[PDB]
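Engineer: One file: entry_35.txt (compact mmCIF, C-alpha atoms and all ligand atoms).
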```txt
# COMPACT_ATOMS: atom_id res chain seq x y z
CA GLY A 1 -4.51 0.34 -13.94
CA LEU A 2 -4.66 -0.84 -10.26
CA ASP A 3 -7.31 -3.57 -11.01
CA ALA A 4 -4.49 -5.84 -12.37
CA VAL A 5 -2.41 -5.24 -9.15
CA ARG A 6 -5.32 -6.13 -6.79
CA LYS A 7 -6.04 -9.23 -9.02
CA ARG A 8 -2.37 -10.53 -9.06
CA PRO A 9 -0.47 -8.68 -6.28
CA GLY A 10 2.46 -11.18 -6.23
CA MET A 11 3.55 -9.87 -9.69
CA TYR A 12 3.99 -6.28 -8.29
CA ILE A 13 4.86 -6.58 -4.52
CA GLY A 14 6.34 -10.13 -4.35
CA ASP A 15 5.44 -12.97 -1.93
CA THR A 16 2.15 -12.12 -0.08
CA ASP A 17 2.59 -15.03 2.45
CA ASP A 18 6.25 -15.14 3.69
CA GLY A 19 6.45 -11.48 4.96
CA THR A 20 8.77 -10.26 2.12
CA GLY A 21 5.90 -8.65 0.09
CA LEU A 22 4.37 -7.16 3.28
CA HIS A 23 7.66 -5.40 4.25
CA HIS A 24 8.27 -4.36 0.57
CA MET A 25 5.08 -2.21 1.06
CA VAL A 26 6.97 -0.13 3.72
CA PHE A 27 10.25 -0.22 1.72
CA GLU A 28 8.53 1.14 -1.45
CA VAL A 29 7.15 4.17 0.51
CA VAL A 30 10.55 4.71 2.31
CA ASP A 31 12.34 4.50 -1.13
CA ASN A 32 10.22 7.48 -2.34
CA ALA A 33 11.35 9.49 0.77
CA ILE A 34 14.98 8.34 0.11
CA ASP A 35 14.74 9.65 -3.53
CA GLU A 36 13.74 13.07 -2.00
CA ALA A 37 16.96 12.85 0.13
CA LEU A 38 19.18 11.85 -2.92
CA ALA A 39 17.86 14.95 -4.81
CA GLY A 40 18.87 17.10 -1.75
CA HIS A 41 15.29 18.02 -0.58
CA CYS A 42 14.86 15.66 2.45
CA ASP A 43 17.16 15.19 5.51
CA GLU A 44 14.66 13.53 7.97
CA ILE A 45 12.46 10.39 7.52
CA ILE A 46 10.21 9.09 10.38
CA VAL A 47 8.88 5.49 10.01
CA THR A 48 6.21 4.56 12.63
CA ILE A 49 4.58 1.16 13.33
CA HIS A 50 1.29 2.29 14.95
CA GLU A 51 -0.55 0.38 17.72
CA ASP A 52 -3.31 -0.35 15.11
CA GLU A 53 -0.56 -2.17 13.07
CA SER A 54 -0.55 0.60 10.35
CA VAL A 55 2.78 2.14 9.20
CA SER A 56 3.44 5.89 8.65
CA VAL A 57 6.40 7.26 6.59
CA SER A 58 6.94 11.07 6.96
CA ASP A 59 9.60 13.00 4.96
CA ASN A 60 10.55 16.72 4.95
CA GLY A 61 11.05 16.81 1.13
CA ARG A 62 9.22 19.02 -1.41
CA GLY A 63 5.78 17.38 -0.90
CA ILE A 64 4.10 15.49 -3.80
CA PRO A 65 2.74 18.04 -6.36
CA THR A 66 -0.94 19.01 -5.67
CA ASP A 67 -1.74 21.04 -8.88
CA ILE A 68 -4.25 19.37 -11.29
CA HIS A 69 -2.66 17.07 -13.93
CA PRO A 70 -4.15 18.29 -17.28
CA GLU A 71 -4.30 14.76 -18.86
CA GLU A 72 -6.17 13.27 -15.82
CA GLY A 73 -8.31 16.18 -14.43
CA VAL A 74 -7.23 15.36 -10.81
CA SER A 75 -4.37 16.43 -8.47
CA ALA A 76 -0.87 15.16 -9.53
CA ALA A 77 -0.76 13.47 -6.04
CA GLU A 78 -3.90 11.41 -6.92
CA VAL A 79 -2.41 10.42 -10.36
CA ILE A 80 0.82 9.19 -8.58
CA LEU A 81 -1.22 7.30 -5.92
CA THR A 82 -3.79 5.75 -8.35
CA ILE A 83 -2.19 5.04 -11.81
CA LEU A 84 0.40 2.21 -12.28
CA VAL A 85 7.01 -0.69 -8.13
CA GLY A 86 5.39 2.72 -7.44
CA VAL A 87 3.51 3.96 -4.33
CA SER A 88 0.28 3.25 -6.38
CA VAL A 89 0.98 -0.52 -5.82
CA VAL A 90 1.15 0.12 -2.00
CA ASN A 91 -2.14 2.08 -2.33
CA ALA A 92 -3.83 -0.74 -4.38
CA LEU A 93 -2.93 -3.41 -1.76
CA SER A 94 -3.89 -1.24 1.28
CA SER A 95 -7.41 -1.51 2.83
CA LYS A 96 -6.83 2.20 3.63
CA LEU A 97 -4.15 4.82 2.86
CA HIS A 98 -4.04 8.42 4.24
CA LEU A 99 -1.89 10.97 2.29
CA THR A 100 -0.88 14.33 3.87
CA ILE A 101 1.14 16.84 1.77
CA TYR A 102 2.85 20.00 3.16
CA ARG A 103 3.57 22.19 0.09
CA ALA A 104 3.46 25.88 -1.01
CA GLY A 105 2.23 27.02 2.46
CA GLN A 106 -0.75 24.59 2.64
CA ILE A 107 -1.62 21.17 4.20
CA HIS A 108 -3.40 18.87 1.66
CA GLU A 109 -4.95 15.44 2.35
CA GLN A 110 -6.57 12.49 0.52
CA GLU A 111 -7.81 9.11 1.85
CA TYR A 112 -8.14 5.92 -0.28
CA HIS A 113 -9.77 2.48 0.26
CA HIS A 114 -8.16 -0.37 -1.79
CA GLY A 115 -6.63 2.46 -3.90
CA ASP A 116 -9.99 4.22 -4.61
CA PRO A 117 -9.91 7.93 -3.58
CA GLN A 118 -12.72 8.71 -1.04
CA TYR A 119 -12.66 12.46 -2.03
CA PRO A 120 -10.42 14.75 -4.17
CA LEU A 121 -7.19 16.04 -2.52
CA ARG A 122 -8.27 18.94 -0.26
CA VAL A 123 -6.62 21.87 1.62
CA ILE A 124 -7.18 21.47 5.41
CA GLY A 125 -4.80 24.18 6.78
CA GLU A 126 -1.59 26.27 6.53
CA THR A 127 2.04 25.20 7.10
CA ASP A 128 5.60 26.67 7.00
CA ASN A 129 6.91 23.10 6.31
CA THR A 130 7.26 20.89 3.19
CA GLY A 131 7.05 17.08 2.87
CA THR A 132 4.83 14.00 2.46
CA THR A 133 3.24 11.67 5.06
CA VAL A 134 1.78 8.31 3.90
CA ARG A 135 0.01 6.08 6.47
CA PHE A 136 -1.26 2.70 5.14
CA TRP A 137 -3.06 -0.42 6.40
CA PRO A 138 -1.99 -3.46 4.31
CA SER A 139 -5.07 -5.45 3.06
CA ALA A 140 -5.70 -8.84 4.78
CA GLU A 141 -7.41 -9.98 1.51
CA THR A 142 -3.98 -9.60 -0.19
CA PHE A 143 -1.56 -10.51 2.68
CA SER A 144 -2.04 -13.74 4.75
CA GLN A 145 0.05 -11.98 7.46
CA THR A 146 -0.14 -8.16 8.03
CA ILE A 147 1.93 -7.60 11.26
CA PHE A 148 5.12 -5.59 10.57
CA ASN A 149 8.36 -6.89 12.18
CA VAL A 150 10.36 -4.00 13.75
CA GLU A 151 13.64 -5.97 13.29
CA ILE A 152 13.07 -6.39 9.51
CA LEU A 153 12.28 -2.65 9.10
CA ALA A 154 15.24 -1.64 11.37
CA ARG A 155 17.76 -3.66 9.31
CA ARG A 156 16.68 -1.92 6.04
CA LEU A 157 16.57 1.57 7.67
CA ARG A 158 20.15 0.96 9.02
CA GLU A 159 21.24 0.16 5.40
CA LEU A 160 19.49 3.27 4.01
CA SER A 161 21.05 5.47 6.80
CA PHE A 162 24.49 4.07 5.88
CA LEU A 163 23.86 4.65 2.10
CA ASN A 164 22.32 8.16 2.70
CA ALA A 165 24.57 9.74 5.42
CA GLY A 166 22.84 13.19 5.38
CA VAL A 167 19.39 11.69 6.31
CA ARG A 168 18.22 11.26 9.95
CA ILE A 169 16.01 8.10 9.90
CA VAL A 170 13.74 7.69 12.98
CA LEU A 171 12.07 4.29 13.59
CA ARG A 172 9.16 4.18 16.08
CA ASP A 173 7.26 1.04 17.22
CA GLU A 174 4.27 2.24 19.34
CA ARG A 175 3.42 -1.42 20.24
CA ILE A 176 6.64 -1.64 22.42
CA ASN A 177 7.36 2.13 22.92
CA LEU A 178 10.59 1.73 20.82
CA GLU A 179 12.41 4.68 19.14
CA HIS A 180 15.73 4.18 17.24
CA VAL A 181 17.59 7.06 15.43
CA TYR A 182 19.79 5.98 12.43
CA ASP A 183 22.05 8.91 11.38
CA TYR A 184 25.52 8.37 9.76
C1 LIG B 1 6.91 9.41 1.33
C2 LIG B 1 6.80 9.87 -0.08
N1 LIG B 1 7.40 11.00 -0.53
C3 LIG B 1 7.16 11.15 -1.88
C4 LIG B 1 7.69 12.33 -2.58
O1 LIG B 1 8.16 13.28 -1.95
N2 LIG B 1 7.59 12.31 -3.94
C5 LIG B 1 7.74 13.45 -4.71
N3 LIG B 1 7.74 13.39 -6.01
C6 LIG B 1 7.90 14.67 -6.52
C7 LIG B 1 7.91 15.01 -7.86
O2 LIG B 1 7.78 14.00 -8.78
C8 LIG B 1 6.46 13.53 -9.07
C9 LIG B 1 5.88 14.49 -10.09
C10 LIG B 1 6.52 12.09 -9.50
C11 LIG B 1 6.56 11.08 -8.53
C12 LIG B 1 6.58 9.75 -8.91
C13 LIG B 1 6.58 9.41 -10.25
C14 LIG B 1 6.55 10.40 -11.21
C15 LIG B 1 6.51 11.74 -10.84
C16 LIG B 1 8.00 16.33 -8.24
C17 LIG B 1 8.13 17.35 -7.30
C18 LIG B 1 8.26 18.79 -7.72
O3 LIG B 1 8.40 19.02 -8.94
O4 LIG B 1 8.23 19.68 -6.83
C19 LIG B 1 8.12 17.02 -5.94
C20 LIG B 1 8.02 15.69 -5.57
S1 LIG B 1 8.01 15.01 -3.98
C21 LIG B 1 6.36 10.09 -2.26
CL1 LIG B 1 5.73 9.72 -3.81
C22 LIG B 1 6.15 9.30 -1.14
CL2 LIG B 1 5.22 7.86 -1.10
CA CA B 2 2.20 -3.77 23.30
```
Take the structure from the file and write it as C-alpha cells.

Structural biologist:
Amino acid sequence: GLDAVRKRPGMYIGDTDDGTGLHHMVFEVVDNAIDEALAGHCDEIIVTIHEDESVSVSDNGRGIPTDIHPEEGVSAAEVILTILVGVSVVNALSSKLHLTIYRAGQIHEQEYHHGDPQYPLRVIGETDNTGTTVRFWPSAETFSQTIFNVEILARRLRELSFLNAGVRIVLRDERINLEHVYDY
C-alpha cells in the first residue's frame, strides 16, 4: 500500500523539509544492513554519496530472498520493496531505486520509479558473493531539499560502528573524494 506513503510521506519518513526525513531514507536502508550484521551474516557495509547526489548502501549479508512469494506471485525482494518504517517507504519516496542481490551463486537486479517496478527481478550474472546493494534517488516532489550531508551520515555511521563492533562501515562522498572507515 505505497499510495498512502506517496500521498502523506511525513507520516512514514518524518519531516520532508528540515533534512531529518531525507537522512532517515539512508538510515532506514543502513538499518536493514545492520540487522544482517546483528544476525551474524554481514561484517562490511559501504555507504556512498554519488556525484549525482544518489546514495548506495552495500552489505555482504545473505542477500534479500529472490524466490517467488506464493501469496504475491512476484520475487520476495519485490514484495519487501513494494508492500508496506520498511525499505518499501524509501522505495515509495525515491524517483528511482536500483536493487542488486548477490545470492545462491547469482546476481539479481530490479529497478523502480516512485516504487513501481520497471521489470520483474532478473538474473544478470554469476557471483561467489552474497549481499544486497540499494541505490536510491530521493524524490524532489516529496523532499524540498534532496542533498545528503556527509557530516549527518558520518555521525550516525560512527554510532552504528560503536554499537556493532564486528562491522566495518565505509563512508564514501564522491562529491569531495572523501572515504572514512568506521571499525570498532
Ligand atoms: C541493504 C539491505 N539489506 C537487506 C537485507 O539483507 N535484508 C534481508 N532480509 C532477509 C530475510 O528476511 C526477509 C524475508 C524480510 C525482510 C524484511 C521484512 C520481512 C522479511 C530473509 C533472508 C533469508 O531467509 O535468507 C535473508 C535476508 S537479507 C535489506 Cl532489506 C536492505 Cl534494504
Ligand atoms: Ca565536487

Engineer: Just the residues within 7 Å of region 82-96 of chain A, please, counting all atoms listed in the file, with nothing from its chain fewer than 4 positions along; format it as a ChimeraX atom specification.

Structural biologist: /A:1-2,5-6,12,25,28-29,78,112-115,136-139,142

Engineer: Hey, can you check how far CA of residue 81 (chain A) sits from CA of residue 62 (chain A)?

Structural biologist: 16.3 Å

Engineer: In Å, rounded to a single decimal, give me how far CA of residue 170 (chain A) is from CA of residue 46 (chain A).

Structural biologist: 4.6 Å

Engineer: Quick one: of A:17, A:173, A:71, A:36, who's nearest to ligand CA 2 (chain B), counting all atoms listed in the file?

Structural biologist: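 Comparing A:17, A:173, A:71, A:36 against ligand CA 2 (chain B), the winner is A:173.
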
Engineer: Would you compute the distance between CA of residue 75 (chain A) and atom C21 of ligand LIG 1 (chain B)? Give it in Å to one decimal.

Structural biologist: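 Computed distance, CA of residue 75 (chain A) to atom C21 of ligand LIG 1 (chain B), equals 13.9 Å.
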
Engineer: Could you report the residues within 7 Å of ligand LIG 1 (chain B), using all atoms listed in the file, as a ChimeraX atom specification?

Structural biologist: /A:29-30,32-33,36,57-59,61-65,76,80,87,131-134

Engineer: A:151, A:174, A:111, A:126: which is nearest ligand CA 2 (chain B), counting all atoms listed in the file?

Structural biologist: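 That would be A:174, the residue with the smallest distance to ligand CA 2 (chain B).
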
Engineer: Check the smallest atom-to-atom distance from each of A:176, A:181, A:79, A:140 to ligand CA 2 (chain B) using all atoms listed in the file, then report the winner.

Structural biologist: A:176

Engineer: Output the neighbourhood of ligand CA 2 (chain B) as a list in words, that is, all protein and nucleic acid residues with some atom at most 12 Å from the ligand, counting only C-alpha atoms and all ligand atoms.

Structural biologist: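 Final answer, ordered by chain and number: residues 49, 50, 51, 52, 53, 173, 174, 175, 176, 177 and 178 of chain A.
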
Engineer: Please determine, counting all atoms listed in the file, which residue among A:16, A:8, A:182, A:56 has the shortest atom-to-atom distance to residue 144 (chain A).

Structural biologist: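 Of all the options, A:16 lies closest to residue 144 (chain A).
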
Engineer: Please determine, counting only C-alpha atoms, which residue among A:47, A:104, A:97, A:11 has the shortest atom-to-atom distance to residue 156 (chain A).

Structural biologist: A:47

Engineer: Taking only C-alpha atoms into account, which of A:149, A:60, A:164, A:20 comes nearest residue 129 (chain A)?

Structural biologist: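 Closest residue, counting only C-alpha atoms: A:60.
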
Engineer: Set the distance at 9 Å and use only C-alpha atoms: which residues neighbour residue 125 (chain A) once local chain neighbours fewer than 6 positions away are removed? I'd like the list as an NGL selection string.

Structural biologist: :A and (105-108)

Engineer: Quick one: residues within 12 Å of residue 162 (chain A), all atoms listed in the file, excluding same-chain residues fewer than 5 positions away - as a list in words?

Structural biologist: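 Close residues of residue 162 (chain A): residues 34, 155, 156, 157, 167, 168, 169, 182, 183 and 184 of chain A.
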
Engineer: Need the shell around residue 23 (chain A): protein/DNA/RNA residues with any atom at most 9 Å away, counting all atoms listed in the file. Skip same-chain ones fewer than 6 positions apart. Format as a list in words?

Structural biologist: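 The residues satisfying every condition are residues 148, 149, 152 and 153 of chain A.
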
Engineer: May I have the residues from that selection written out with C-alpha atoms, as a CSV table (one decimal), keeping the file's coordinate frame?

Structural biologist:
```csv
chain,number,residue,atom,x,y,z
A,148,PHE,CA,5.1,-5.6,10.6
A,149,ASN,CA,8.4,-6.9,12.2
A,152,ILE,CA,13.1,-6.4,9.5
A,153,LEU,CA,12.3,-2.6,9.1
```
